[PDB]
2 protein chains.
Amino acid sequence: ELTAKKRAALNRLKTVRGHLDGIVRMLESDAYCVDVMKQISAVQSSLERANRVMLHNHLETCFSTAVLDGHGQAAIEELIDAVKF
Amino acid sequence: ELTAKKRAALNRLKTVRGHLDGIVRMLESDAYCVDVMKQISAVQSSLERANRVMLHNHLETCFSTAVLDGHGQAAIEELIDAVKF
Ligand SMILES: [Cu+]
Ligand SMILES: [Cu+]
């Protein structure tokens, strides 16, 4: 069943797929380079926001409750690739 | 009519919209946070590549042929917002 944050991330993502459609569309109509470039940047910024809600969800959620057991090093170590790999 | 670079940017973008679908889908199935986070990052990296092909197209294209006339300052000045605004 679906979190606070995971819902919003999801809706954010849905919103971004439509944003993407628009860009695909204008590129298809041989749109002005700079305009396309700025849409693409708008999309990336929304992606950044969604990813950080994710992280945030993850930390209080799966991350924390690597309280009990092997948690610790493994949760961290793999958390690290998802920041940049 | 459609450029070298603008074609590829377009196909890249089309590819990314499908990538996005997948993410929307897994989030809908309450997917593992980290996995989702890493897809989202994969999408952003492809966006970065597409944007730079754009830039590259723009520079040889509309940017350059602000050779003649008021070109110069205006093309540059507005080019600058599309790097970060
Ligand atoms: Cu998680
Ligand atoms: Cu251009």
# chains A, B, ... in the order shown; residues from 1 in each chain; ligands from 1
$ residues_around --residues "segment 34-51 of chain B" --least-positions-apart "4" --cutoff "7 Å" --atoms "only C-alpha atoms" --output "ChimeraX atom specification"
/A:37,40,44,47,51,54,79,82 /B:9,12,16,19,23,55
$ write_last_selection --atoms "N, CA, C and O atoms" --output "PDB file, in the first residue's frame"
ATOM      1  N   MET A  37      15.310  22.994 -25.588  1.00  0.00           N
ATOM      2  CA  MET A  37      16.300  22.912 -24.545  1.00  0.00           C
ATOM      3  C   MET A  37      15.746  23.331 -23.189  1.00  0.00           C
ATOM      4  O   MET A  37      15.977  22.646 -22.209  1.00  0.00           O
ATOM      5  N   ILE A  40      13.280  20.768 -21.746  1.00  0.00           N
ATOM      6  CA  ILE A  40      14.006  19.593 -21.353  1.00  0.00           C
ATOM      7  C   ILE A  40      14.583  19.797 -19.957  1.00  0.00           C
ATOM      8  O   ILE A  40      14.512  18.932 -19.078  1.00  0.00           O
ATOM      9  N   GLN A  44      13.821  17.891 -16.306  1.00  0.00           N
ATOM     10  CA  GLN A  44      14.888  17.446 -15.408  1.00  0.00           C
ATOM     11  C   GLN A  44      14.740  18.000 -13.983  1.00  0.00           C
ATOM     12  O   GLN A  44      15.027  17.312 -12.991  1.00  0.00           O
ATOM     13  N   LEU A  47      12.101  16.005 -12.255  1.00  0.00           N
ATOM     14  CA  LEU A  47      12.729  14.728 -11.948  1.00  0.00           C
ATOM     15  C   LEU A  47      13.569  14.807 -10.664  1.00  0.00           C
ATOM     16  O   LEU A  47      13.568  13.882  -9.840  1.00  0.00           O
ATOM     17  N   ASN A  51      12.844  12.735  -7.235  1.00  0.00           N
ATOM     18  CA  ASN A  51      13.834  11.795  -6.748  1.00  0.00           C
ATOM     19  C   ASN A  51      14.135  12.043  -5.295  1.00  0.00           C
ATOM     20  O   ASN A  51      14.605  11.159  -4.589  1.00  0.00           O
ATOM     21  N   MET A  54      11.503  10.648  -3.128  1.00  0.00           N
ATOM     22  CA  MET A  54      11.838   9.222  -3.078  1.00  0.00           C
ATOM     23  C   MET A  54      12.815   8.918  -1.943  1.00  0.00           C
ATOM     24  O   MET A  54      12.485   8.215  -0.999  1.00  0.00           O
ATOM     25  N   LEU A  79      22.538   2.409  -1.152  1.00  0.00           N
ATOM     26  CA  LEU A  79      21.977   3.739  -1.187  1.00  0.00           C
ATOM     27  C   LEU A  79      22.956   4.645  -1.945  1.00  0.00           C
ATOM     28  O   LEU A  79      22.534   5.524  -2.702  1.00  0.00           O
ATOM     29  N   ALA A  82      22.717   4.982  -5.799  1.00  0.00           N
ATOM     30  CA  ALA A  82      21.510   5.662  -6.261  1.00  0.00           C
ATOM     31  C   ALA A  82      21.600   7.183  -6.118  1.00  0.00           C
ATOM     32  O   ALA A  82      20.648   7.903  -6.445  1.00  0.00           O
TER      33      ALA A  82
ATOM     34  N   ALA B   9      18.135  13.634 -31.049  1.00  0.00           N
ATOM     35  CA  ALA B   9      17.510  14.232 -29.881  1.00  0.00           C
ATOM     36  C   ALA B   9      16.038  13.788 -29.731  1.00  0.00           C
ATOM     37  O   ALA B   9      15.582  13.433 -28.642  1.00  0.00           O
ATOM     38  N   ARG B  12      16.012  10.036 -29.084  1.00  0.00           N
ATOM     39  CA  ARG B  12      16.419   9.943 -27.696  1.00  0.00           C
ATOM     40  C   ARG B  12      15.244  10.258 -26.757  1.00  0.00           C
ATOM     41  O   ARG B  12      14.938   9.470 -25.858  1.00  0.00           O
ATOM     42  N   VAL B  16      13.029   8.034 -24.063  1.00  0.00           N
ATOM     43  CA  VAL B  16      12.961   8.429 -22.666  1.00  0.00           C
ATOM     44  C   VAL B  16      11.509   8.433 -22.168  1.00  0.00           C
ATOM     45  O   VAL B  16      11.227   8.196 -20.975  1.00  0.00           O
ATOM     46  N   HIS B  19      10.905   4.912 -21.173  1.00  0.00           N
ATOM     47  CA  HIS B  19      11.614   4.754 -19.911  1.00  0.00           C
ATOM     48  C   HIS B  19      10.764   5.299 -18.741  1.00  0.00           C
ATOM     49  O   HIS B  19      10.623   4.659 -17.708  1.00  0.00           O
ATOM     50  N   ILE B  23       8.753   3.638 -15.214  1.00  0.00           N
ATOM     51  CA  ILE B  23       8.932   4.137 -13.868  1.00  0.00           C
ATOM     52  C   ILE B  23       7.578   4.410 -13.252  1.00  0.00           C
ATOM     53  O   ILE B  23       7.343   4.057 -12.098  1.00  0.00           O
ATOM     54  N   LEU B  55      21.948  21.841 -27.954  1.00  0.00           N
ATOM     55  CA  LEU B  55      22.972  22.850 -27.881  1.00  0.00           C
ATOM     56  C   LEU B  55      23.903  22.792 -29.070  1.00  0.00           C
ATOM     57  O   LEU B  55      24.222  23.840 -29.704  1.00  0.00           O
TER      58      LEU B  55
END
$ calpha_fit_and_write --fixed "chain A" --moving "chain B" --output "compact mmCIF listing (two decimals) with C-alpha atoms, in the first residue's frame"
# COMPACT_ATOMS: atom_id res chain seq x y z
CA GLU B 1 0.00 0.00 0.00
CA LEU B 2 1.16 3.48 -1.11
CA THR B 3 2.99 6.22 0.85
CA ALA B 4 2.54 9.95 1.26
CA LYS B 5 5.73 10.58 -0.69
CA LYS B 6 5.44 7.65 -3.16
CA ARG B 7 2.00 8.91 -4.26
CA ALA B 8 3.30 12.41 -4.92
CA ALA B 9 6.44 11.16 -6.65
CA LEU B 10 4.07 9.09 -8.81
CA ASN B 11 1.85 12.00 -9.66
CA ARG B 12 4.91 14.16 -10.26
CA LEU B 13 6.20 11.46 -12.65
CA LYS B 14 2.82 11.30 -14.44
CA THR B 15 2.90 15.06 -14.91
CA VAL B 16 6.44 14.73 -16.33
CA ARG B 17 5.45 12.12 -18.90
CA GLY B 18 2.99 14.63 -20.35
CA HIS B 19 5.62 17.34 -20.26
CA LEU B 20 7.79 14.89 -22.27
CA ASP B 21 5.02 14.37 -24.85
CA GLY B 22 4.96 18.09 -25.52
CA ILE B 23 8.68 18.15 -26.10
CA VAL B 24 8.55 15.11 -28.42
CA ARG B 25 5.81 16.94 -30.26
CA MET B 26 7.58 20.25 -30.76
CA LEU B 27 10.80 18.49 -31.79
CA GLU B 28 8.73 16.64 -34.38
CA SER B 29 7.57 20.04 -35.76
CA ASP B 30 11.25 21.11 -36.00
CA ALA B 31 10.82 23.54 -33.04
CA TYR B 32 13.25 26.26 -32.03
CA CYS B 33 16.31 24.68 -30.41
CA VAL B 34 16.44 26.92 -27.37
CA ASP B 35 12.78 26.48 -26.48
CA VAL B 36 13.11 22.65 -26.62
CA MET B 37 16.30 22.91 -24.54
CA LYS B 38 14.39 24.88 -21.88
CA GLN B 39 11.51 22.35 -21.79
CA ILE B 40 14.01 19.59 -21.35
CA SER B 41 15.51 21.42 -18.46
CA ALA B 42 12.09 22.00 -16.94
CA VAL B 43 11.51 18.20 -17.06
CA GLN B 44 14.89 17.45 -15.41
CA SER B 45 14.15 19.81 -12.54
CA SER B 46 10.82 18.05 -11.80
CA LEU B 47 12.73 14.73 -11.95
CA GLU B 48 15.13 16.06 -9.33
CA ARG B 49 12.27 17.00 -7.02
CA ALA B 50 10.58 13.62 -7.42
CA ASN B 51 13.83 11.79 -6.75
CA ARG B 52 14.34 13.60 -3.53
CA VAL B 53 10.86 12.85 -2.24
CA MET B 54 11.84 9.22 -3.08
CA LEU B 55 15.02 9.44 -1.05
CA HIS B 56 13.07 11.06 1.68
CA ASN B 57 10.45 8.34 1.70
CA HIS B 58 13.19 5.69 1.54
CA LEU B 59 15.10 7.12 4.51
CA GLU B 60 12.15 7.08 6.98
CA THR B 61 10.87 3.88 5.38
CA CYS B 62 13.03 0.97 4.21
CA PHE B 63 16.27 2.74 5.17
CA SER B 64 15.49 3.30 8.86
CA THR B 65 14.02 -0.17 9.51
CA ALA B 66 17.39 -1.44 8.46
CA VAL B 67 17.57 -0.92 12.25
CA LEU B 68 17.27 -4.62 12.97
CA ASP B 69 19.77 -7.12 11.44
CA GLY B 70 22.27 -6.78 8.53
CA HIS B 71 20.83 -3.35 7.66
CA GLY B 72 23.57 -0.80 8.28
CA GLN B 73 26.43 -1.20 5.82
CA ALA B 74 24.45 -2.89 3.05
CA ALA B 75 21.53 -0.38 2.99
CA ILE B 76 24.01 2.50 3.03
CA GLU B 77 26.41 0.96 0.56
CA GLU B 78 23.69 0.50 -2.07
CA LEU B 79 21.98 3.74 -1.19
CA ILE B 80 25.28 5.28 -2.36
CA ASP B 81 24.95 4.07 -5.99
CA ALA B 82 21.51 5.66 -6.26
CA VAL B 83 22.96 9.10 -5.55
CA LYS B 84 25.29 8.70 -8.52
CA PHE B 85 26.17 5.52 -10.48
$ select_by_dssp --residues "chain B" --states "helix (DSSP H, G or I)" --output "JSON, numbers by chain"
{"B": [4, 5, 6, 7, 8, 9, 10, 11, 12, 13, 14, 15, 16, 17, 18, 19, 20, 21, 22, 23, 24, 25, 26, 27, 28, 33, 34, 35, 36, 37, 38, 39, 40, 41, 42, 43, 44, 45, 46, 47, 48, 49, 50, 51, 52, 53, 54, 55, 56, 57, 58, 59, 60, 61, 62, 63, 71, 72, 73, 74, 75, 76, 77, 78, 79]}
$ decode --residues "segment 33-71 of chain B" --atoms "N, CA and C atoms" --output "mmCIF file, in the first residue's frame"
data_model
loop_
_atom_site.group_PDB
_atom_site.id
_atom_site.type_symbol
_atom_site.label_atom_id
_atom_site.label_comp_id
_atom_site.auth_asym_id
_atom_site.auth_seq_id
_atom_site.Cartn_x
_atom_site.Cartn_y
_atom_site.Cartn_z
ATOM 1 N N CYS B 33 11.943 1.672 -3.468
ATOM 2 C CA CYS B 33 12.391 3.047 -3.552
ATOM 3 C C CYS B 33 13.704 3.193 -4.338
ATOM 4 N N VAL B 34 14.693 2.388 -4.019
ATOM 5 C CA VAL B 34 16.008 2.648 -4.567
ATOM 6 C C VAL B 34 16.015 2.379 -6.057
ATOM 7 N N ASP B 35 15.373 1.292 -6.449
ATOM 8 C CA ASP B 35 15.244 0.915 -7.852
ATOM 9 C C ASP B 35 14.628 2.003 -8.766
ATOM 10 N N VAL B 36 13.457 2.505 -8.339
ATOM 11 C CA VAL B 36 12.788 3.704 -8.861
ATOM 12 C C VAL B 36 13.735 4.933 -8.934
ATOM 13 N N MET B 37 14.408 5.232 -7.823
ATOM 14 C CA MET B 37 15.393 6.284 -7.797
ATOM 15 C C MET B 37 16.450 6.111 -8.881
ATOM 16 N N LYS B 38 16.965 4.896 -9.061
ATOM 17 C CA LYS B 38 17.953 4.638 -10.113
ATOM 18 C C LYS B 38 17.381 4.693 -11.544
ATOM 19 N N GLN B 39 16.088 4.430 -11.727
ATOM 20 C CA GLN B 39 15.528 4.556 -13.076
ATOM 21 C C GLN B 39 15.463 6.026 -13.409
ATOM 22 N N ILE B 40 15.080 6.791 -12.401
ATOM 23 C CA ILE B 40 14.826 8.197 -12.539
ATOM 24 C C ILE B 40 16.117 8.911 -12.923
ATOM 25 N N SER B 41 17.181 8.493 -12.276
ATOM 26 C CA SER B 41 18.499 8.909 -12.629
ATOM 27 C C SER B 41 18.953 8.475 -14.018
ATOM 28 N N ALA B 42 18.614 7.264 -14.426
ATOM 29 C CA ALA B 42 18.901 6.848 -15.785
ATOM 30 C C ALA B 42 18.218 7.812 -16.798
ATOM 31 N N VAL B 43 16.948 8.136 -16.567
ATOM 32 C CA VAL B 43 16.205 9.040 -17.432
ATOM 33 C C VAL B 43 16.889 10.416 -17.526
ATOM 34 N N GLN B 44 17.243 10.996 -16.376
ATOM 35 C CA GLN B 44 17.917 12.295 -16.332
ATOM 36 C C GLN B 44 19.232 12.314 -17.125
ATOM 37 N N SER B 45 19.983 11.226 -17.065
ATOM 38 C CA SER B 45 21.233 11.194 -17.808
ATOM 39 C C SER B 45 21.018 11.250 -19.345
ATOM 40 N N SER B 46 19.997 10.526 -19.815
ATOM 41 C CA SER B 46 19.614 10.531 -21.221
ATOM 42 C C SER B 46 19.118 11.943 -21.644
ATOM 43 N N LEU B 47 18.374 12.592 -20.746
ATOM 44 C CA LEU B 47 17.965 13.977 -20.936
ATOM 45 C C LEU B 47 19.176 14.905 -21.108
ATOM 46 N N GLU B 48 20.225 14.656 -20.328
ATOM 47 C CA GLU B 48 21.394 15.508 -20.397
ATOM 48 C C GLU B 48 22.068 15.355 -21.740
ATOM 49 N N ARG B 49 22.132 14.118 -22.233
ATOM 50 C CA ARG B 49 22.756 13.831 -23.512
ATOM 51 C C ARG B 49 21.988 14.476 -24.671
ATOM 52 N N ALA B 50 20.662 14.347 -24.626
ATOM 53 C CA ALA B 50 19.797 14.931 -25.632
ATOM 54 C C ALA B 50 19.923 16.464 -25.641
ATOM 55 N N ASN B 51 20.052 17.050 -24.456
ATOM 56 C CA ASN B 51 20.094 18.498 -24.384
ATOM 57 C C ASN B 51 21.370 19.024 -24.983
ATOM 58 N N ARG B 52 22.391 18.188 -25.011
ATOM 59 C CA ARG B 52 23.675 18.700 -25.391
ATOM 60 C C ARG B 52 23.865 18.556 -26.908
ATOM 61 N N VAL B 53 23.261 17.507 -27.467
ATOM 62 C CA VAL B 53 23.051 17.436 -28.901
ATOM 63 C C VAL B 53 22.257 18.668 -29.402
ATOM 64 N N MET B 54 21.207 19.046 -28.663
ATOM 65 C CA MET B 54 20.432 20.256 -28.951
ATOM 66 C C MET B 54 21.336 21.483 -29.068
ATOM 67 N N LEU B 55 21.948 21.841 -27.954
ATOM 68 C CA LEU B 55 22.972 22.850 -27.881
ATOM 69 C C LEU B 55 23.903 22.792 -29.070
ATOM 70 N N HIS B 56 24.362 21.574 -29.352
ATOM 71 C CA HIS B 56 25.346 21.430 -30.386
ATOM 72 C C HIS B 56 24.747 21.791 -31.739
ATOM 73 N N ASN B 57 23.631 21.148 -32.081
ATOM 74 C CA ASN B 57 22.818 21.632 -33.192
ATOM 75 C C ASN B 57 22.602 23.158 -33.232
ATOM 76 N N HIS B 58 22.008 23.711 -32.187
ATOM 77 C CA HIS B 58 21.841 25.148 -32.072
ATOM 78 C C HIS B 58 23.101 25.961 -32.396
ATOM 79 N N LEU B 59 24.227 25.635 -31.775
ATOM 80 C CA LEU B 59 25.431 26.412 -32.064
ATOM 81 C C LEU B 59 25.809 26.493 -33.557
ATOM 82 N N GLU B 60 25.928 25.359 -34.258
ATOM 83 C CA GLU B 60 26.258 25.409 -35.690
ATOM 84 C C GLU B 60 25.132 25.987 -36.566
ATOM 85 N N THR B 61 23.931 25.967 -36.007
ATOM 86 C CA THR B 61 22.688 26.233 -36.712
ATOM 87 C C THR B 61 22.306 27.669 -36.427
ATOM 88 N N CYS B 62 21.218 27.874 -35.698
ATOM 89 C CA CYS B 62 20.658 29.204 -35.465
ATOM 90 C C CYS B 62 21.647 30.158 -34.828
ATOM 91 N N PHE B 63 22.528 29.596 -33.981
ATOM 92 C CA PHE B 63 23.450 30.401 -33.162
ATOM 93 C C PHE B 63 24.477 31.109 -34.050
ATOM 94 N N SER B 64 25.137 30.322 -34.904
ATOM 95 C CA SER B 64 26.181 30.790 -35.801
ATOM 96 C C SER B 64 25.645 31.902 -36.705
ATOM 97 N N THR B 65 24.681 31.529 -37.553
ATOM 98 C CA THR B 65 23.969 32.451 -38.440
ATOM 99 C C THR B 65 23.201 33.596 -37.713
ATOM 100 N N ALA B 66 23.505 33.795 -36.430
ATOM 101 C CA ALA B 66 23.435 35.122 -35.851
ATOM 102 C C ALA B 66 24.891 35.624 -36.012
ATOM 103 N N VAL B 67 25.312 35.568 -37.286
ATOM 104 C CA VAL B 67 26.501 36.193 -37.884
ATOM 105 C C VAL B 67 26.043 37.578 -38.336
ATOM 106 N N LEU B 68 25.104 37.571 -39.268
ATOM 107 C CA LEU B 68 24.555 38.785 -39.825
ATOM 108 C C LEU B 68 23.679 39.443 -38.764
ATOM 109 N N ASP B 69 23.615 40.773 -38.768
ATOM 110 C CA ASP B 69 22.634 41.572 -37.986
ATOM 111 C C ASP B 69 22.745 41.645 -36.437
ATOM 112 N N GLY B 70 21.599 41.735 -35.752
ATOM 113 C CA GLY B 70 21.547 41.928 -34.305
ATOM 114 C C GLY B 70 21.999 40.744 -33.461
ATOM 115 N N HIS B 71 22.123 39.596 -34.129
ATOM 116 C CA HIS B 71 22.696 38.356 -33.599
ATOM 117 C C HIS B 71 23.389 38.476 -32.247
#
